[PDB]
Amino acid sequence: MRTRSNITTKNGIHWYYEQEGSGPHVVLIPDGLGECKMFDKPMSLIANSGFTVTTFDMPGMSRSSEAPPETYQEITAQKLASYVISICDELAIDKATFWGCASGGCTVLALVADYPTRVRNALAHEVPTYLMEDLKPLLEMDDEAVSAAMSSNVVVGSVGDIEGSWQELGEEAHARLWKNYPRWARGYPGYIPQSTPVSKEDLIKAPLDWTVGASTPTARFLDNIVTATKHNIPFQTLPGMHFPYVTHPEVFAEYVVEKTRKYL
């Protein structure tokens, strides 16, 4: 039931998307790197609970790399939500549950803020509200091969596994990732965190549950816990850190299907 296809929305982004299952829609928005191979394992498990799961590579990244620059430069949470709604329209996805980590978490919050009608329920994980110190070196590195190396060693710091779950993403996926690192570095950390709608009025326009990785240092996403606690957004930790769908696919699937059926 795992269909793979491509499609172009009228904003010019030539997406690569995947779908599997039948039931209510559950969309898995990738993180900054925009590689939906990271959803390959848990997507089948989420679909096996009776849901149509949709995922895709993000504009300018991986197999969605055929996109205009603005879609991967000076990126805001509102730009990304605009792009996610466009493919959602093209796939007749009327309303869905949205997952998003990091930059994808900004996207879901922007979806709740500006497209609440379209979200049955949102789940955000480790959303950046500020520019993190260990990201600053990556910001405006002109050599793209140095940028990829430096970016890739900041990202594996954020992955919470050192025994192959990162490696078995494949060599094709890690090749696509190698081109993605410099493009993400130059478009996201200097532009997406300030745009994240964590406004008190913006978080309640739709159901939202919030998570942080159980093993990341408290100071990193402390703002996420305070923001979520100050506005009765349900908050919880998942295993691992920044990529729980990569390091803990089964527990991640149970969380996703638990939170979606709770609003069905």
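When you see a residue number, it is the position in the sequence shown, counting from 1.
- Stretches 198-206 and 54-62 differ in mean CA B factor, with 198-206 having the higher one.
- Ranking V156, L139, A149, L169 by the C-alpha B-factor listed in the PDB entry places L139 at the top.
- Residue-level temperature factors show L111 in the highest third of its chain, judged at the C-alpha atom.
- Placement of the Cα temperature factor of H231 within the chain: highest third of the modelled residues, per the deposited record.
- Per-chain ranking of the deposited C-alpha B factor places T117 in the highest third.
- Split the chain's modelled residues into thirds by C-alpha temperature factor. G160 is in the highest one.
- Among the modelled residues of the chain, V246 sits in the lowest third by CA temperature factor in this PDB entry.
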